[PDB]
Each structure stands twice: as structure tokens, then as C-alpha cells.
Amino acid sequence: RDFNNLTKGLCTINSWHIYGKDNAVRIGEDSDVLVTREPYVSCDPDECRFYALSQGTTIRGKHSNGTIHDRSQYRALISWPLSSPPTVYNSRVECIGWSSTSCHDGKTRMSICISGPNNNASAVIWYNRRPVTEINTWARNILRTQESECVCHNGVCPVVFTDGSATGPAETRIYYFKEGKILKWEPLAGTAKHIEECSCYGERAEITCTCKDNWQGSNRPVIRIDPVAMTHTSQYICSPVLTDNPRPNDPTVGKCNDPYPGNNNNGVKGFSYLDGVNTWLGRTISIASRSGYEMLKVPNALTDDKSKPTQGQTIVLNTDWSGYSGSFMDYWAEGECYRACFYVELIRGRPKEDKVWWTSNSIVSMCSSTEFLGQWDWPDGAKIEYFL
């Protein structure tokens, strides 16, 4: 109809309720479920769907051997009905590639997939299911993007890309698309020293992205975008409650404009909702591996370098595997506020479970409630032994 505008603020997050879970690995043990990773969720005005990067093979298929690798010519961004598993028969291909983002602007959807060899990748921007724009690698070192939904405002949908080193300074760019065409792009500015895999959400005409500093930071870089002025800023979440993985133990004071040190060249895609006292941070429970997952209410985390938790909710037990996590919201829901949502990628197989030769995942997702709901843990649920 008309382009969606981020006119509402976030609903008050008093807890998280179960939104979707596909139990893909469990079901895939005996049905045609595609091997995936880097999943996310994204809504259209009339439907919300699961998204992920297929590996172009089923889990039980012999070609599942080797799927621990991130980039091949057999990957593609696929979407499928909410809470169903990604099957060969119900998965809709959005585009071909090994890194992606996607978002609906209110009229139609834009999907972006990057493909290529490490030194010669290119992104192709699809809009209304047709290819419209292409962007060649600018740093010749694994052009890559969000791995979760982008956000639009009055037709303008900003997207963060990074090209260059994962263990040193790289060239991050913010592109402002409208109907799949480039209106403008900026180099990263602000104090964030390294950016990768931004998780974004929008409220009151501002887009907030919680990303990952793979190079040096255990605290997360944050990019705030003004989609009208098409400008942005960057800093780190000040809070001592560190949210990347692996990471050192939490200090009593964090860092607002530099990566919090202790762990180099590694990390995991994550997210947060930074809204004053209505601030919630997600993170793995383990400081060493992609294990467990919890939500922590940390009032003013973005700006308070001594902020600590005032409430919390466990999503996945530390005795269960987690993985990537990101933000999305149904911008077309009823009501006066936007209900914060997120998903957690539940990785199974390699490298942690090496008795099988594949790597895949399932998805679990929650949205906020103004109630103070009881909590449950949500594991993948599959028994690896069954796949042996």
C-alpha cells in the first residue's frame, strides 16, 4: 500500500513469550529438511516467515558432509512459513549467495545476497522478487552483510556491509536503498572500530543496529541510523555486561568508545534493544562457547558504563547449544507500540558435535510481553546419536 513509517516506540519489555520454534533438526532426522545456518525472521504486512542460508542439501543427504563451511556455490537465502522447518518442498528461494539480509518496506520486499570467491564477491539487490542493483566487492576480502533483517522507513532501507579483514580494520559501508536502488552510501563513522553482522530494529524514525566487533571487542558496537537524513553514528554498548562470545568475564566498568579487550578475532552475531530503562541484552551464557542463551534487562546499557542487570530470563540452558541471535519486529501489528522480538540460532553438528559430518541448526524466537511471564528453556531437542 504505502511505505511503512517507524512511527511507534517500543512496547515495555517485562518478559519474553514464545513466538516460534521449528524443531528443524528433530524433524529433519526423518524428513526432507534442508541444512541451513545464519537464520533470522522477517515480516511482510500479511505474514511473518523464517529465513536462512540453505546449504543446498538435506540433513540426511550424503551432501550434508562438509556443511561446516560458510561459503559455497550451493547456498541460497530461503524463507518458509513461521515455525515450519525449512524443507525442500516449502522453502522459497529469495536469492543465491552466502551472506544476506531482507526487509519489507510496506509495499514490497527487498532481499540481498552476496556470492563469489573471497576476493571477487558481489551483492545483488532484489526488490519485488526481481534483481535491480549489483555492487561489486570494494576491498576484495569477503564482502558480507547482516545475516538478519534490515529495516525501512518511508521507502528507505539502510543496510550495513563490511568488506576487508576480519582481524584488523575493514571497510564498512552503510547503503541507503529505496526500491532496490542506491540513494546514497556512507563509510562507517563514529567510534566503532570493527563492524560485522548488524542486528537492527526501528522505532520513532530511528534505526538501531547492534553488531559485532570480530577483531577486538567483547562489548558490542552499535550503529544508530537516521533514515531520513541518511546519516548515522557509532559507538559501543557502555555496559560491563559483555555480550559477544567468546568473551572475558564481566568487569564492573565497560567501554563506551573502544572495544572491551580480552578476546581477539572471533565473536558471534548478537543483538540488543537499547531503550533507556527498557533496555534488554541477549547473550550466550558461556563465555567460552556458543552455549546457552539469556536475556538481561540492563537499564541504560548503551550509555551507562557501570550498568548491571535488574531482571533476566533464560532462553536456552548452558547445557544446550545456541548460536547467532538477531532482532526483528512485526511493524504491521495492531496496537500503539512495536513489540521487540528476536531469534536464537540453535547450532547442531560441527564443530561441537563432531560425530556427524554436517553442521545445521534449528530456530527458536520470542517477542516481549508487558506481563512478567514464567520462563522455560528452549533447546533444539534433537539427539545426535540418532544421526549416527
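Residue positions are given as counts along the sequence shown, with the first one as 1.
Between 348-356 and 36-44, the higher mean Cα B-factor belongs to 348-356. Look at the mean CA B-factor for 261-269 and for 81-89 in the entry; the higher one is 261-269.
Across the residues 76, 110, 238, 114, the deposited record lists the maximum Cα B factor for 238. For residue 366, the recorded CA B-factor ranks within the highest third of the chain. Only modelled residues enter the ranking.
In the deposited entry, the Cα temperature factor of residue 196 places it in the middle third of its chain's modelled residues. Ranked against the other modelled residues of its chain, the C-alpha B-factor of residue 318 as given in the entry falls in the highest third. Among the modelled residues of the chain, residue 160 sits in the lowest third by CA temperature factor in this PDB entry. The PDB entry assigns residue 65 a C-alpha temperature factor belonging to the highest third of its chain's modelled residues.
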